[PDB]
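Here you'll find one protein chain in two forms, each presented separately as structure tokens under the names structure 1 and structure 2.
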Structure 1
């Protein structure tokens, strides 16, 4: 009862804010996707969570921290609610004015970016480990986003690591109890303070759904998905965070039947499976697609910034192609009608399918390294409209994070506009722009020094001029290098971003490391319409054999088959 909680709050009196001593850890360096460790790091190690959170607060200036608003939310994995409560008490003791938290701690990463930008927050804390499994024996992470809605840049994370390495005390309001399940405002009387502390529990879906309603034509979506002659879709949230979004948006508001969603209840362990959308970890989805009923399938990851796009009977549209089709039919979306195409971008290991659409029009295309920093740098400079990564990433400049459900609704808008099947659209695209046959082999969790030695010896073997011009079977080595990127907005230089083997026919073999994990990307272009409709595994097989033979991956890793194939 709300009245009982109010009376309790009144009788307890003001809540003291207290300083507690702590000892610093040494591995709290937040990388590209924040700080991710095993769950027991945050659940069992003393003050680990408090140390990192307090470091995040200290990385914010005091004038930026006093009275400001901070968004807090996560993907609903195990231990998220407890950590969120700790964040609420610490934030109460650290001068934060207001915390906007999604109901029950549920808030997808794109929803966090959107809310941050909407309410003019100083930033947000996202409790997610992305596609990594959850549970007491799973993983756990913390991302910090700044006032532009995007991930904190390297300077902020550097300050967080440096602060966390020497921190000796933190502040907390240990008697603050907050109910995450009831929407509305909860205020707390703080001791020795005159303003109360505010916690606003908002609907996890409302603001994000309003944003998408502004992005797309929900009338066309409604006519496409809700009719008796509806387009049969099957959306697999993988027990992740997009489930509630899938129902409130696709099912309720747009009229798709409730049978269209599956694995759409957020589970604290993601139902035992890895919340990673690909052909391996989402095999159940692709095998129900193999049956016959549905024309469109899609899968999401843990925090909702990734998507897998499937056609009828299991037809697979690889992400490198997905972003290119979206770019080729980009004006089927009202948002880009209002916006215009400011630029295209893709990560280097992503196939050059988008490049063909960029060159067909006259739109600048930026080949960035793996990561968000470069995409956000281009977006803030009004030079990037649509971007995509082979790691099942697709997004626009509407927010400062990638967005899986947004990409799905974009594919539904393109299907509604073109009135064709997914496979037919992909075939027409291949016949218009040529096909970029693409594959990626994931060799997960190998011995570290063996992989590093493979990359060093392979690198030295590549840099020799005895390598350039050698004919492999037939292909001819044109260039081999270690990818370097010069950022066109802040002059930053990123080196060692992937070993590249570019051939004279435009094909590429790329090696990268994510410990550790070996990632092998193969991209070969075909312009003849007679050859663009063959099994890519069969078309790329010579280049795969060249990659394994030149790298000697088997003889140094002992692996005879990749863990995942894309």
Structure 2
């Protein structure tokens, strides 16, 4: 069973195996009931590697532990072997967080990786399955490569497979497979899921300082919720075993194939258990990760909610508490365009460049690969640095713990100090889910044409005490300074003279009919206004956003589906 035949299987192409920014995501039942669905796609990824480059190539493979992952990893090995891929590096039990895969690709100079995750979407027999492809910089495959995969998948007629090859995913070490009529062996390395990632973090952060923060009498009390997803064993081996947090600090830290039956998505309703725990007042700091570990929600004593746009501003303002940045320097800051302007206040005060990018990783990774980006953030619970080429939720928690250790203040007092220094960007996102496309597209086309008229800049909108004056209004465009690409129609912005913004986007992650995302960013300098309820302070700007867009009239919605 270490010697196996290579066979050619005739297959039929599917027409919809189109990777997006985040991979190919289908319902598990589709993968199961569509013959050769996964095989076709895996073969299609590998066909993008020139045969002459396969023998010396390594692919990193792992996923978030959801149902169907181990069957898929076996299939990757069976096809990789038969196609002449020299070596796979696989996390034990198939487990690798998305940041760990990025770490390992870059550490061992793999040609890329295949991540078995649908991120924050549910899993289990009735949920979703995802297949991501990352390339040699450890980041997501860019669109030129995912298009080739899609093209290959639509006309594929056969794949090569080693049907008798079986990998033991549970034991560490090197497994070799001799292939019938092939001279060199196929090699699988099962590595510890956490080791390489933990070794990386060990050089970024001061584990001594953190261990002192988290251990003993006056320890910072923390509660970390992996939501039954991939970050679980990372929490246990790093925060508990190595840094000395008591074991009760790690909740939902055993990966479950169905993520305990819930969405592994960190926000106030999907992580309501963590929130309710934090309300008790016993713990100083709480955090939640998504299913594959690149997203994070940060909570403080009493359930104080650090909104992600503030979180990256705070890290930016205390960035040299982290030894990595002490030693590399700060090459730049970035946030997606819809993210709040809190980061800009910090970057302006410290004379560091601020990149405002369209939604999507590739803009961040481009700037990182150019040595221009050290810290980036997304209002959708994303924080990252150039230590890898994916966002990193556990990294962001360690960043926070490092800042708490040097600041010696509560999470809430750090935010109050921040807002007093930079002013506060009150922020919320309204999601209108599954609105009819005709209404939503009409709402956007009409609003854009309203904004383009000569009189729109300088117009004044008032609601209560607030007056907002239009400084600029446009449909966001981005000329990418690395790859030359021009990204257009990236979101309608109403930029007011006072620092506030309204942003409208249509979601590019198509559900079934459009979803509208309305971002409200209201800047406030007054000290008697910075400690107010955000929804109260955002109401004037929300009123204006609905009035000028005519959203209720276009869509029939009187209320968002989700407020964040």
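Here, rigid core means the biggest group of C-alpha atoms that superpose within 1.5 Å across both forms. Positions refer to the first chain, counted from 1.
* Option at the hinge, rigid-body rotation between structures 1 and 2, list 439, 410, 209, 426 -> The hinge residue here is 439.
* Asked: Based on C-alpha superposition, what is the hinge rotation angle of the smaller rigid part between structures 1 and 2, rounded to whole degrees?
  -> So the smaller rigid part is rotated by 11 degrees.
* Asked: Where the core is superposed, what shift in Å does the CA of residue 463 undergo between structures 1 and 2?
  -> The shift comes out to 3.7 Å.
* Asked: Can you give the CA shift of residue 490 between structures 1 and 2, in Å, with the two forms fit on their core?
  -> The shift comes out to 1.8 Å.
* To do: Report, to one decimal in Å, how far the Cα of residue 559 moves between structures 1 and 2 once the rigid core is superposed.
  => Its C-alpha shift, to one decimal, is 4.1 Å.
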